[PDB]
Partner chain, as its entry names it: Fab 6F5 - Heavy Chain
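Before any questions on how it binds or moves, here is one chain, the form solved without its partner chain, in structure tokens.
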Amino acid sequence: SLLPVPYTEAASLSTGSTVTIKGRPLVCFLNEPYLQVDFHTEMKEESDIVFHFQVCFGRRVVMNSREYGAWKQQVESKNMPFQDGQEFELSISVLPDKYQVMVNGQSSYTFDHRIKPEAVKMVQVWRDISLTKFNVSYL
């Protein structure tokens, strides 16, 4: 059954951590639903963001950090492996130098560490999705 959205979970990340999310957009891509995943430095939603991942389904992905309350330099990708109307599996792996983002088992986005992943205390998953699965694992 469905997890509450927004979904907030305490987390610790290091090299070899994976965050796995299964959900589905609430509406068709023509209506531009969003998905956002934020790796926060505190449990509080207003805390700094080590890794901001925002999908505008059918359009683009932006990634950023929010440091001392201020947004930094946006990275943009037009890569769109998400399929209109379908369930997705998103997995975000912590590599030594970067986050690796897989969608449905395909390498789709990377983002170099601006802040050590050890600074993360919380993950929030929110915007226009239903969520069936959220897991933090380690290998």
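Numbering follows the first chain given and starts at 1.
Decide which of the stretches 71 to 79 and 56 to 64 has the higher mean C-alpha B-factor, going by the entry.
Higher mean C-alpha B-factor: 71 to 79.
What stretch has the higher average Cα B-factor here, 32 to 40 or 91 to 99?
If you average the C-alpha B-factors of 32 to 40 and of 91 to 99, the larger mean comes out for 91 to 99.
When the modelled residues of the chain are sorted by Cα temperature factor, does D112 land in the lowest, middle or highest third?
Tercile = middle for this residue's CA B-factor.
Another form exists, deposited with its partner chain bound; not displayed. Remarks below refer to it.
Is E67 near its partner chain? Define near as a heavy atom within 4.5 Å, in the deposited complex.
Within the cut-off, so yes.
Does its partner chain come within 4.5 Å of any heavy atom of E89 in the deposited complex?
No - in the deposited complex, heavy atoms of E89 and its partner chain never come within 4.5 Å of each other.
Just to make sure I understand: among 106 to 123, which residues lie within 4.5 Å of its partner chain in the deposited complex, judging by heavy atoms?
Stretch hits, in order: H113, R114, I115, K116, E118, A119.
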